[PDB]
>>> print(open('final25.csv').read())   # CSV, C-alpha atoms
chain,number,residue,atom,x,y,z
A,19,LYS,CA,38.6,-19.9,-24.9
A,20,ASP,CA,35.6,-17.5,-24.4
A,21,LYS,CA,32.8,-18.5,-22.0
A,22,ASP,CA,30.3,-16.6,-20.0
A,23,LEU,CA,31.4,-16.9,-16.4
A,24,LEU,CA,29.2,-14.0,-15.2
A,25,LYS,CA,26.3,-12.0,-16.5
A,26,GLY,CA,26.1,-8.2,-16.2
A,27,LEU,CA,28.7,-7.9,-13.5
A,28,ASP,CA,30.4,-4.5,-14.0
A,29,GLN,CA,34.1,-3.8,-13.3
A,30,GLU,CA,33.5,-3.1,-9.6
A,31,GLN,CA,31.9,-6.5,-9.1
A,32,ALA,CA,34.2,-8.3,-11.5
A,33,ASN,CA,37.1,-7.1,-9.4
A,34,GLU,CA,36.0,-9.9,-6.9
A,35,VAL,CA,36.2,-12.5,-9.6
A,36,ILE,CA,39.4,-11.3,-11.4
A,37,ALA,CA,41.0,-11.2,-7.9
A,38,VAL,CA,40.4,-14.8,-7.0
A,39,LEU,CA,41.6,-15.9,-10.4
A,40,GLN,CA,44.7,-13.7,-10.4
A,41,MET,CA,45.5,-14.7,-6.8
A,42,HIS,CA,46.2,-18.2,-8.0
A,43,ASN,CA,48.3,-17.0,-10.9
A,44,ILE,CA,46.1,-18.4,-13.6
A,45,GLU,CA,45.4,-17.0,-17.1
A,46,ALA,CA,42.5,-14.6,-16.3
A,47,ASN,CA,41.1,-12.6,-19.2
A,48,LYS,CA,38.5,-9.9,-18.9
A,49,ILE,CA,35.9,-10.2,-21.7
A,50,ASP,CA,33.2,-7.8,-22.8
A,51,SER,CA,30.1,-8.8,-24.8
A,52,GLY,CA,26.5,-7.8,-25.4
A,53,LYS,CA,24.7,-10.6,-23.6
A,54,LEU,CA,27.5,-10.9,-21.1
A,55,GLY,CA,28.5,-7.4,-20.1
A,56,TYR,CA,31.7,-7.9,-18.2
A,57,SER,CA,33.0,-11.4,-17.2
A,58,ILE,CA,36.2,-13.3,-16.7
A,59,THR,CA,37.4,-16.1,-19.0
A,60,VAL,CA,40.4,-18.3,-18.6
A,61,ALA,CA,42.7,-20.6,-20.6
A,62,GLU,CA,40.4,-23.1,-22.4
A,63,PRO,CA,41.8,-26.3,-20.7
A,64,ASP,CA,41.8,-24.3,-17.4
A,65,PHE,CA,38.0,-23.9,-17.7
A,66,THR,CA,37.5,-26.2,-14.7
A,67,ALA,CA,39.7,-24.0,-12.5
A,68,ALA,CA,37.8,-20.8,-13.2
A,69,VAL,CA,34.5,-22.3,-12.2
A,70,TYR,CA,36.2,-24.1,-9.3
A,71,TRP,CA,37.4,-20.8,-7.8
A,72,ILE,CA,34.0,-19.2,-8.2
A,73,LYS,CA,32.5,-22.0,-6.1
A,74,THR,CA,33.6,-20.2,-3.0
A,75,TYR,CA,31.9,-17.0,-4.2
A,76,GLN,CA,28.5,-18.6,-4.6
>>> encode(input="final25.csv", output="structure tokens")
Amino acid sequence: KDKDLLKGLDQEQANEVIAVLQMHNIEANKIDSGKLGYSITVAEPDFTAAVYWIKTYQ
């Protein structure tokens, strides 16, 4: 249930991503890691939805 959605996007920038996820009322989890920094992960089966909502942020 942990995948890199972003790379090195700090909390101020991640606020964009967490917002679009939270807006649709989906399991949105904020993950910290070394190669990742700050990113947003979602429920494992809902992986498609996470990436889907970020398509409008590309």
>>> closest_residue(input="final25.csv", among="A:22, A:67, A:74, A:62", to="residue A:49", atoms="only C-alpha atoms")
A:22
>>> closest_residue(input="final25.csv", among="A:52, A:44, A:27, A:33", to="residue A:66", atoms="only C-alpha atoms")
A:44
>>> atom_distance(input="final25.csv", atom1="atom CA of residue A:25", atom2="atom CA of residue A:42")
22.5 Å
>>> closest_residue(input="final25.csv", among="A:72, A:60, A:31, A:20", to="residue A:45", atoms="all atoms listed in the file")
A:60
>>> residues_around(input="final25.csv", residues="residue A:76", least_positions_apart="4", cutoff="12 Å", atoms="only C-alpha atoms", output="JSON list (two decimals) with C-alpha atoms, in the coordinates of the input")
[["chain", "number", "residue", "atom", "x", "y", "z"],
["A", 24, "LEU", "CA", 29.20, -14.00, -15.20],
["A", 34, "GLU", "CA", 36.00, -9.90, -6.90],
["A", 35, "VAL", "CA", 36.20, -12.50, -9.60],
["A", 69, "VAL", "CA", 34.50, -22.30, -12.20],
["A", 70, "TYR", "CA", 36.20, -24.10, -9.30],
["A", 71, "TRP", "CA", 37.40, -20.80, -7.80],
["A", 72, "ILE", "CA", 34.00, -19.20, -8.20]]
>>> residues_around(input="final25.csv", residues="residue A:19", least_positions_apart="5", cutoff="12 Å", atoms="only C-alpha atoms", output="list in words")
residues 45, 46, 47, 48, 49, 58, 59, 60, 61, 62, 63, 64, 65 and 68 of chain A
>>> atom_distance(input="final25.csv", atom1="atom CA of residue A:38", atom2="atom CA of residue A:54")
19.5 Å
>>> atom_distance(input="final25.csv", atom1="atom CA of residue A:73", atom2="atom CA of residue A:28")
19.3 Å
